[PDB]
Amino acid sequence: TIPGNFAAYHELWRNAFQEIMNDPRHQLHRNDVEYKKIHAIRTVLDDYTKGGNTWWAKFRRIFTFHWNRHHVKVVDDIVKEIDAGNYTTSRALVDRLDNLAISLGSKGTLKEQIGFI
């Protein structure tokens with residue numbers, strides 16, 4: 001309930017993100033063009049990096065956690081990746097989001113959970 005490492009925070013975040021993307025108010029269909037999906041995801045991620053006042057109010061709790069600051073910085077980098085044109089499918093975008101907490105070395109999926117993918 002209080003995430004004790006960055007991966008645990010990301011797991012809470014994934015659950016929230018999935019709920020938000022499945023919100024009926026997006027009016028997203030799985031046969032929509034990919035640009036429409038990617039843009040809706042980008043809007044939600046952007047709102048997340050700006051304090052979550054539009055889409056993340058229900059999950060206001062996560063913004064107080066220690067891990068939020070760094071996680072917001074990583075999501076901000078991904079929004080930049082969207083803006084740079086790195087994603088042509090929403091599937092690839094949510095895979096990036098899925099796996100953002102893992103790293104190489106040492107010191108189901110989001111696709112399946114989201115209806116329009």
Side-chain angles (χ1 to χ4, degrees), residues 1-106 108-117:
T1 186
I2 299 291
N5 51 68
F6 185 76
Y9 176 94
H10 181 56
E11 176 64 25
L12 295 185
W13 183 92
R14 286 204 321 135
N15 299 334
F17 172 74
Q18 166 270 145
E19 192 182 320
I20 292 163
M21 292 322 305
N22 282 315
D23 192 305
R25 297 195 312 274
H26 287 296
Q27 302 285 350
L28 281 175
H29 180 269
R30 57 189 211 153
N31 287 137
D32 275 316
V33 295
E34 290 303 306
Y35 166 84
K36 186 169 178 213
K37 300 177 189 183
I38 290 172
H39 188 65
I41 293 169
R42 188 208 179 278
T43 304
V44 169
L45 300 179
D46 195 37
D47 178 55
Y48 176 66
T49 67
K50 294 166 153 68
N53 299 311
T54 302
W55 290 98
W56 298 78
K58 166 173 181 156
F59 305 98
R60 169 67 178 85
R61 166 87 85 93
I62 68 183
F63 291 93
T64 70
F65 293 153
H66 179 69
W67 313 106
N68 175 260
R69 177 172 160 137
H70 182 69
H71 191 273
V72 160
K73 174 248 161 192
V74 179
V75 172
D76 194 78
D77 291 343
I78 294 168
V79 172
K80 209 185 124 161
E81 289 173 9
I82 297 166
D83 288 341
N86 287 295
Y87 302 99
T88 61
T89 74
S90 56
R91 171 179 317 100
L93 181 46
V94 300
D95 276 339
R96 174 80 170 94
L97 291 167
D98 225 342
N99 293 295
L100 72 78
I102 67 179
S103 58
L104 302 164
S106 48
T109 67
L110 228 36
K111 294 193 249 67
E112 280 137 51
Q113 293 183 51
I114 293 181
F116 59 82
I117 303 197

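When a residue number appears, it is its place in the shown sequence, counting from 1. When reading the values below, keep in mind they use all heavy atoms of this one structure, side chains included, and skip hydrogens, waters and symmetry mates.
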Discussion item. Out of the candidates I117, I41, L110, only one should pair with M21 under the side chain to side chain contact (heavy atoms under 4.5 Å, CB included) rule; please name it.
Written reply: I41
Worksheet entry | Working for side-chain contact (heavy atoms from CB on, under 4.5 Å), residues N53 and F63 | CA-CA 11 Å; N53 299 311; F63 291 93; over 6 Å; no
Response to the item:
Separation between CH2 (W13) and CD (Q18), nearest 0.5 Å, reads 11.0 Å
Discussion item. Once rounded to the nearest 0.5 Å, what's the spacing between atom NZ of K36 and atom CZ of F116?
Written reply: 10.0 Å
Worksheet item: From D47 CG over to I20 CD1, what is the distance, rounded to the nearest 0.5 angstrom?
Response: 8.0 Å
Worksheet item: Applying the 4.5 Å side-chain criterion to the ILVMFWY set and letting contacts propagate, would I2 and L12 be lumped into a single cluster?
Response: yes
Fill in: Validation row: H10, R14 side chains within 4.5 angstrom (heavy atoms)
yes
Worksheet item: Does a side-chain heavy-atom distance below 4.5 Å link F6 with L100?
Response: yes
Worksheet item: Nearest 0.5 Å, what's the NE2-CG distance between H39 and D46?
Response: 9.5 Å
Worksheet entry | Side chain proximity check, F17 to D98, heavy atoms < 4.5 angstrom | no
Discussion item. Checking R60 now: which residues fulfil salt bridge (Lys or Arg N to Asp or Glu O under 4.0 Å) with it, not counting sequence neighbours?
Written reply: none
Discussion item. Rounded at 0.5 Å granularity, tell me how far CZ in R96 sits from CG in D77.
Written reply: 7.5 Å
Fill in: Those residues that, when tested against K80, pass salt bridge (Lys or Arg N to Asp or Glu O under 4.0 Å) (two or more places apart)
none
Practice prompt. To the nearest 0.5 angstrom, please state how far the OH atom of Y35 sits from the OG1 atom of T89.
Written response: 15.5 Å
Worksheet item: What's the shortest heavy-atom distance between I38 and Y87, and which atoms?
Response: CD1-O, 3.4 Å
Discussion item. So which atom in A40 and which in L28 form the shortest heavy-atom distance, rounded to 0.1 Å?
Written reply: CB-CD1, 3.7 Å
Response to the item:
All heavy atoms of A7 vs all of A101, minimum pair found to be CA-CB, 4.2 Å
Worksheet entry | Parallel, tilted or perpendicular: rings of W55 and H26 (30°, 60°) | parallel
Discussion item. When you measure from the side chain of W56 to the backbone of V44, do you find a donor-acceptor pair of N or O atoms at a distance under 3.5 Å?
Written reply: yes
Discussion item. Quick check on side chain to side chain contact (heavy atoms under 4.5 Å, CB included): which of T49, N86, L93, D83 does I78 satisfy it with?
Written reply: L93
Item to complete: Ignoring hydrogens and angles, tell me if any N or O in the side chain of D95 forms a donor-acceptor pair with the backbone of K111 under 3.5 Å.
Response: no
Discussion item. Do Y48 and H71 make a side-chain contact, defined as non-hydrogen atoms from C-beta onward lying under 4.5 Å apart?
Written reply: yes
Fill in: Those residues that, when tested against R91, pass salt bridge (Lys or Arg N to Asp or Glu O under 4.0 Å) (two or more places apart)
none
Worksheet entry | Under 3.5 Å donor-acceptor, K37 side chain and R30 backbone | yes
Item to complete: Answer with yes or no whether the side chains of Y9 and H66 bring together a donor and an acceptor at under 3.5 Å.
Response: no
Worksheet item: Under 6.0 Å from the NZ atom of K50, do we count more than 12 heavy atoms belonging to anything else shown?
Response: no
